[PDB]
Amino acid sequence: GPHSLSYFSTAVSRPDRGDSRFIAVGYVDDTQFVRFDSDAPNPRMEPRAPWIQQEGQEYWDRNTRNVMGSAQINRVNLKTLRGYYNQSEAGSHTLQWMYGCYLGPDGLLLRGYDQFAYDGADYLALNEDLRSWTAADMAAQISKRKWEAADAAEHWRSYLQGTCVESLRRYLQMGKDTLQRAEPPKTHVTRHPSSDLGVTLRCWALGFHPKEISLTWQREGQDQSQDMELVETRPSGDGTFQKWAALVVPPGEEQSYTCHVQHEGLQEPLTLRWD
């Protein structure tokens, strides 16, 4: 698994108030570490993980200035896009922006990205060459031509290849005891009534980190993915995660079924059954 540093920003227009709101969050891997909210009084970039608090005032001042300027540009972007699409001035719209870097095994950039969505749909994205952009429609073509004229890709390529991965490496060191710790899942299978003709087996994985995990059910060697309910992986609230996978099986046939768990905290894939 490549580590990553990622910033996720949401800009929302608020015509009834005459303004906009911009929220940004930063993550290393699955761990949030900073936030910014333009509705906050005196708004600043703020810490959200303990290990970032060792950064000095220059870091917080620079982060604040950078995210504040970005909030101002995105406030204007909401108006610009409303005009490109000839939308009413009364409606709220959403512009999301996400950029970040994944770290290769050699300490270089494995992949960088910088993209936007408007009202949930892809708008404009930096291609993996970091030299060119892909636009989703005629509006985004206007933006793309602007950004080709300005050589906006150079600003992003330089960041992604340089400071993004160097920052990431620093944060991985700062937070090594949590960020670089894999915690394996605690696992068990529960049994619940379903009907006359069925019982539910639920395979649980609790307390694991990172969030990536595989839970599958088999019956005597055959995978059951088509008939199982697999919930979205969910946060515990303490930096770990939870997941379950459930299947309705015939009454009395529980021993034919095995749950299979893969996670980077386990030494070997686990097989378990209801007991």
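A residue's number is simply how far along the shown sequence it sits, counting from 1.
The stretch with the higher mean CA B factor, choosing between 193 to 201 and 138 to 146, is 193 to 201.
Looking at 266 to 274 and 3 to 11 together, the entry lists the larger mean B-factor for 266 to 274, computed on C-alpha atoms.
Between the residues 214, 240, 233, 32, the entry's highest C-alpha temperature factor is the one at 214. Of the residues listed, 157, 75, 186, 169, the entry assigns the biggest Cα temperature factor to 186. Ranked by Cα temperature factor within the chain, residue 182 sits in the highest third according to the deposited record.
Per the deposited record, the Cα B-factor of residue 105 falls in the highest third when ranked against the other modelled residues of its chain. Sort the chain's modelled residues by C-alpha temperature factor and residue 129 lands in the middle third, per the entry. Placement of the Cα temperature factor of residue 56 within the chain: middle third of the modelled residues, per the deposited record. Residue-level temperature factors show residue 90 in the highest third of its chain, judged at the C-alpha atom.
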